[PDB]
Amino acid sequence: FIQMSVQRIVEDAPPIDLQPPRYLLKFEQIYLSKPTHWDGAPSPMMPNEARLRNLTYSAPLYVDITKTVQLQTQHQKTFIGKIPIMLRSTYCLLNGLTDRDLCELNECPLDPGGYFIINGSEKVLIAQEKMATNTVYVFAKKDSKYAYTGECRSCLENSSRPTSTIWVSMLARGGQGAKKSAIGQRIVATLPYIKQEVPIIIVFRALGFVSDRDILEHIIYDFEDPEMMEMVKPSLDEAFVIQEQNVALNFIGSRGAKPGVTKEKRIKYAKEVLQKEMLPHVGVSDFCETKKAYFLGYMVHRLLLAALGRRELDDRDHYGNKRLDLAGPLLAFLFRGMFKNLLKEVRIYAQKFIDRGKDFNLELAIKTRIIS
Amino acid sequence: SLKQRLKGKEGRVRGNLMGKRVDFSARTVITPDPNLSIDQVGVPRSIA
Amino acid sequence: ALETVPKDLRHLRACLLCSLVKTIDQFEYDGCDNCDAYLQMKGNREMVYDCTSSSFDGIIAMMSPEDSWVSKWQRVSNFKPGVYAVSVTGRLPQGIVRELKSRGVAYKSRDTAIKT
Amino acid sequence: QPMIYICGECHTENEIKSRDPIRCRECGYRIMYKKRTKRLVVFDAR
Amino acid sequence: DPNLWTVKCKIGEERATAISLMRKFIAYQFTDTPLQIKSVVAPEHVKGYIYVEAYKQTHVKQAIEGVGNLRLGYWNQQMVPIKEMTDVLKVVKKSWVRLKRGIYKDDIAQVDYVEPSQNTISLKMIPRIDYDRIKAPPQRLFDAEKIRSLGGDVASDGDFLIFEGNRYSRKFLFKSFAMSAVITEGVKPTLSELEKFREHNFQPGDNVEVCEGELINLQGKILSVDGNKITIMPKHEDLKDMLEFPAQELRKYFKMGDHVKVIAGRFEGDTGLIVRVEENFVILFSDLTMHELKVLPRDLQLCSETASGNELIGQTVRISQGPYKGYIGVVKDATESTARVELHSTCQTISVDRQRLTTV
Amino acid sequence: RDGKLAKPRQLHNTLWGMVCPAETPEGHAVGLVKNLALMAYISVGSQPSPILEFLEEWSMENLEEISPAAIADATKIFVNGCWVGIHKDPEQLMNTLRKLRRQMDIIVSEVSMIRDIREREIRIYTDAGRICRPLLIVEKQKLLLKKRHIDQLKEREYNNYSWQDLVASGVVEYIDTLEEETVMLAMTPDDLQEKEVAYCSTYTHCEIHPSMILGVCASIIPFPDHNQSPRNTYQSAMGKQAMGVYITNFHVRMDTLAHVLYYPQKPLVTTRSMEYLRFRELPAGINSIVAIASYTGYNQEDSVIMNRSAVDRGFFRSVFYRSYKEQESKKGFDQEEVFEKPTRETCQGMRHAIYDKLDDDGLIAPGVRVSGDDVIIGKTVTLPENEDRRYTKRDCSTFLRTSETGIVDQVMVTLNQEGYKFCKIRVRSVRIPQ
RNA sequence: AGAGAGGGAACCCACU
Ligand SMILES: [Zn+2]
Ligand SMILES: [Zn+2]
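Encoded structure:
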């Protein structure tokens, strides 16, 4: 965490820009000092001293600033804030010290470390289980209206945004669809930030794949097993009305968490949802349309296999389906939000101090309490 | 709120009116004794 | 133009005729931006003190009086855009009012307040 | 009247005053340890 | 006609918002991004939000873009209703004043000398100071000797004095303050402030009669009360209907031999019974004393409440006799006979005779 | 918590070797809170870029350059879940990836490859959070842990031959839970590599030792397989509660509720795993000559008869430390705490207790007997209305916790984070077993 | 011989 992930968080935050002559701030290189207390002079704070005086065994965190107003100026080793250190780390004082040296510091060699000293209290970050991200799972909501529901808690590594689960469900209604025409089961997808059950074929058309043959190529990889094609036939025949990418994206934008104004600004919202909300692990870029289409086809194909039983259903308690958030991922998840809040406060300060016509004071821009 | 002060298992009706803290009560560990009758309990001196 | 807009919040005064709100510097340097030709307070501070108000309630940034219902209710539709006062406390002396009436300008009070 | 404290890491002793910031004279160590009491202690050897 | 829309603003900075919007309108009135709104209203006493006059909400949103003080009303706007648009511009409205700012806020100040320059006036005040003793407060008299003793920023001119931020006092502060920094209308000090420098009271349940009109000599009990023309509803004797009477027609009449209290004057706080009801002199005897108290009929009310009118403690001892001999302890409790000893060795406090104890 | 379902709480099959099966809190959090096994290790995760470069180096076809006709006759390959492309020959690709992992050329040891054989898939996981455990590698029904490895491993601190050198030797490797679904795991080599009426004869990995499936608290149980599993769980609960020397520097630490023991002993009946938890260096408990006998009737229903003379000889006689912290607060002059000995005539609201135990600074000198409702910290806070008479600052003092007694062990005086004076008092009370 | 006590809320770990 403190060796790579903090730098990843700092670099993955966009350089904030303010429009008047424009100026942008960027943070590039971070510095992590040794734990030190102070009013007072900088002195190395031994962890037992931090425990006895109810101090916090935290190391200061510096970073370099580069602002371009363009007129660029750099600011090396600006104090961001203090982050706690768990004992026996690579950035604790007593790393690699011999047992005699530890006994000189009133610290025993028997202590395994791995705990933080916060206000003199020893804290342990309990590892938290979670469902494994970026992995397709097929479950059975036997009480709902869906026969088999697929999901993929997609979360791109080193991305400040959290996970966004997409569901690819199949309406059950084993017999009729409560109609005089609705024969087969229809596959329907729950996208992030979209409140209605979007059909699969609508999404595939919205990805720039107009032909039914191409969508079936991306979904069913063999054209010599007519049973799976027959099973996917009703879902394909739900949305033969919508044939254009424009109309498909318009239907995507209809009934969103943020509803569209008109044909305009709703095509862009649907494009934004398909670009940056569903499946971030397959990429977030303009050329990532076909990769996202391939992965959605894989999700639909696995759902079809589950509906056939050719592959068994997935277990929520199998420990190959779980991850263990240790101190690293947990502190990274905390630091994402707190670093973003520090950036927001800096932006507020800059907005206050550009409208007066003056130049902001960057040491007062970065407040250290919000990050420590 | 007042409704939250009354509605709970920690409110006024269960928590304070039904089951309330009482004076003249002691709580300590029990250890066996076969040398006293079935209707006798051996209480400590500091409790008595 | 920007010449009509006051520069700061200190010593804001509203005109007694058209309820024009300006600083004392702008009244001293420009007079009235609507009817100084009928008042002639430019080049005279005492004329400003006699023809402007020290007590006003509410301000209106009248930007387009030609299509404003507020300008219809405040009777400032035929004027120029600027900062106007809703309620004005004060009154011109009888000499100024009589001189305006001799020039065909009857003095309608801008004191549209509901006094009890 | 002054109280004698043992200066933590220094292991030396020094006087202290009321409303006196807690500092050692050798290296300014912040942790003081109060000396053992002067009144008698008696322990039943049970 | 355009409509008014509420836009939330920074508190205390609404006039500056209107000034900035006017400057922005004039600065972009010839460009390709015009402000299509019609007017901006920031009232004198409405604090928190301003008004934008426009035919559309989108015009308001596109006009307030770039204004940070209105960022809390940027996403959504609320229109003032059509019937309520005139309420926006509707405005309602040797003496004594009360200061607006400072530590003397809303304190009674006697206007000593009105300076004809119309900038400030001299005010007589009672100092709310601690005489430079606590700060490194209620109203009390100005003590010049105390401020000469404590020192600091103080200058003496006999009874005249200057102190602690150019505060001018004499014998009682006499300092200049601005007319706009005081309220010269609506103070109305009391009698205690006169020493420092009609009325209607009808209550429900009281008995009143009618002194004039066609409904004269009708005694009834009070139901409700109002300010000046009460339109009372008295429950008269032998009348099931409720009539109407203002305050000038009624009078606090009371039958002889009832609970009476005094509301104001010299006789307030005392209760008792009245004896004989004259034209206006009503004589009564108190619940405390039997002295004659003569009151006006208006200074009476009907209220049925009753009138108010050891040495061994903490001493290290040593058990020198008995089973516990040789134990060192501290005496917790002690009596004439026995004493409880907190044993230093065991986790137990036991009581022994004082004859068995020997102090260290 | 408080869910009536059981599937999130049960001991699933994939908890083998990664998490202890016995240790769990047996309250309303059964199965939810777990304890990690001994050799289990959570993969800290690395970047997938070297793996993608290696795959592009070999004949792996990316998704943006394929026909959708040759997909079903080949194996779909995933990295961290994202589908990176296709490969035609799954064998000699898994062999190549494993050969690189048995050498640490490109792929880190924590990274895991899983070849789904029934359905044509091959997924490589490089996530941070996966839970793996080291296993031996069985090439031929033969182990790769030869005698020379043991010879170089006994002579540590001389050859500098560590565990990481054995990982680099391609003898042991970390297998996670996904990969356990596609591995044939030998329990012990003395039984499952010798020819018999053959069971499978296709082993890939061998368990190092079965005792490493247990946690830290289930490893201190002698003969845990002879017990019943609820008994093992209850002992796992109790073993984190036994008095003992919890740390070596306990005389410096100002811990609250420090339970230490007079004469702790190592168990006569021990496991091999206690040598690695260092339970023989900071033990918790005493070896006792027990007798399982019906007697007078005081060991009736889960109770035990003890020996008074043995207890008088220091048997389980523990010592209980409790610390008390208090600092004063410099504030806006209305209330001002300060450490001083309060006086009856001066202070107000002073509770009736002994204040002569205090020193001149309002604190107890170490080595002074105190009991219930005895003052330990003399602190007085000022009263704003002392002038607004003759009665001044009120007592705000921390007493010794009632129904407790003992000697004050040591007192430390220092400054806090805010720079205010701050005192800790550790009070010592020995606890004879009654 | 001068005699009473207050905090309060929140959240963790166990105990039967
Ligand atoms: Zn004018
Ligand atoms: Zn020293």
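Top line first, the protein sequences correspond to chains A, B, C, D, E and F.
Counted the way the entry's author numbering counts, the first sequence spans residues 50 to 68, 81 to 99, 102 to 132, 139 to 441.
Counted the way the entry's author numbering counts, the second sequence spans residues 338 to 385.
Counted the way the entry's author numbering counts, the third sequence spans residues 2 to 117.
Counted the way the entry's author numbering counts, the fourth sequence spans residues 13 to 58.
Counted the way the entry's author numbering counts, the fifth sequence spans residues 176 to 268, 276 to 318, 335 to 369, 371 to 396, 416 to 527, 703 to 753.
Counted the way the entry's author numbering counts, the sixth sequence spans residues 491 to 878, 885 to 930.
A virtual CB, placed ideally from N, CA and C, is assigned to each residue, including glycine.
Among the CB atoms of chain F, none fall inside 9 angstroms of the CB of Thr97 of chain A. Out of E:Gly431, E:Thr208, E:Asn419 and E:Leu736, the CA that lies nearest to the CA of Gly241 of chain E is found in E:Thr208. Rounded to the nearest whole angstrom, the CA to CA distance from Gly775 of chain F to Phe769 of chain F is 11 angstroms. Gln141 of chain A sits in a strand when the DSSP states are folded into three classes. Secondary structure of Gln725 of chain F (DSSP, three-state): helix. Close to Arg169 of chain A, with beta-carbon spacing below 8 angstroms, lies no residue of chain D; the smallest spacing is near 16 angstroms. Counting along the chain, no alpha helix (DSSP H) covers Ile65 of chain A; the unbroken beta strand (DSSP E) around it starts and ends at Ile65 to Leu67. As summarised for the segment 619-678 of chain F, the continuous alpha helix (DSSP H) elements at least 4 residues long and confined to that stretch are 637-644, 653-658 and 667-670, given in chain order.
A residue is called buried when at least 16 other Cβ atoms come within 10 angstroms of its Cβ; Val330 of chain A does not meet this threshold and is exposed. With respect to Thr90 of chain C, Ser54 of chain C sits close: the two C-beta atoms are nearer than 9 angstroms. At a beta-carbon threshold of 9 angstroms, the residues of chain D lying near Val753 of chain E are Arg51 and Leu52, ordered along the chain.
Judged by DSSP in its simplified three-state form, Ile607 of chain F adopts coil rather than helix or strand. Under the Cβ criterion (8 angstroms, minimum of three pairs), the segment 218-234 of chain A counts as touching the segment 186-204 of chain A. A distance criterion of 8 angstroms places the beta-carbon of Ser56 of chain C beyond contact range of ligand 1, judged by its closest non-hydrogen atom.
Neighbourhood of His737 of chain E in chain F, by CB distance below 7 angstroms: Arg859, in chain order. Per DSSP, the beta bridge partners of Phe373 of chain E are E:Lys306. In the three-state reduction of the DSSP assignment, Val59 of chain A falls in the helix class, which pools H, G and I. Look at which beta carbons fall closer than 5 angstroms to any heavy atom of ligand 2; those residues are D:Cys19, D:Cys22, D:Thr24, D:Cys36 and D:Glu38. In summary, the residues of the segment 375-405 of chain A whose CB is separated from some CB of chain F by less than 7 angstroms are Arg380, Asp386, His387, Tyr388, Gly389, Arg392, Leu393, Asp394, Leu395, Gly397 and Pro398, in the order they occur in the chain. Inter-residue distance for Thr586 of chain F and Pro538 of chain F is about 17 angstroms (C-alpha atoms, whole angstroms).
Taking the C-beta atoms as reference points, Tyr50 of chain C is found no nearer than 9 angstroms to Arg104 of chain C. The set of residues with any CB-heavy atom separation to ligand 1 below 7 angstroms comprises, in chain order, C:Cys16, C:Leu18, C:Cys19, C:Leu21, C:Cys33, C:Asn35, C:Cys36 and C:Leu40. With fewer than three CB-CB distances shorter than 8 angstroms, the segment 646-659 of chain F does not count as touching the segment 607-621 of chain F.
Per DSSP, the beta bridge partners of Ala86 of chain C are C:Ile60. Taking 9 angstroms as the cut-off, the beta carbon of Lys479 of chain E is found closer than this to the beta carbon of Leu518 of chain E. Residues of the segment 207-218 of chain E with a C-beta less than 8 angstroms from any C-beta of chain C: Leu210, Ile212, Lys213, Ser214, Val215, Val216, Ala217 and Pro218, listed in chain order. Excluding the 5 residues flanking it on each side, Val98 of chain C has same chain C-beta neighbours closer than 6 angstroms at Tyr108, in chain order. The beta carbon of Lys23 of chain C sits closer than 6 angstroms to those of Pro7, all from its chain and outside the five residues before and after it, given in chain order. One thing to note: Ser54 of chain A has its Cβ within 9 angstroms of the Cβ of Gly397 of chain A. Against chain A, a Cβ distance below 7 angstroms from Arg42 of chain D picks out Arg116. For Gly366 of chain A, the three-state secondary structure derived from DSSP is helix. When secondary structure is reduced to three states using DSSP, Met407 of chain A falls in the helix class.
Against chain B, the CB of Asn789 of chain F has a partner CB under 9 angstroms away; the residue lies at that interface. Neighbours of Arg58 of chain D in chain F, taken as residues at a C-beta separation under 9 angstroms, are given in chain order as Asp802 and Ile928. Just measuring C-alpha positions, the residue of A:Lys361, A:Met347, A:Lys345 and A:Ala216 sitting nearest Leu373 of chain A is A:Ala216. When only Cα atoms are considered, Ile665 of chain F and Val673 of chain F end up about 9 angstroms apart.
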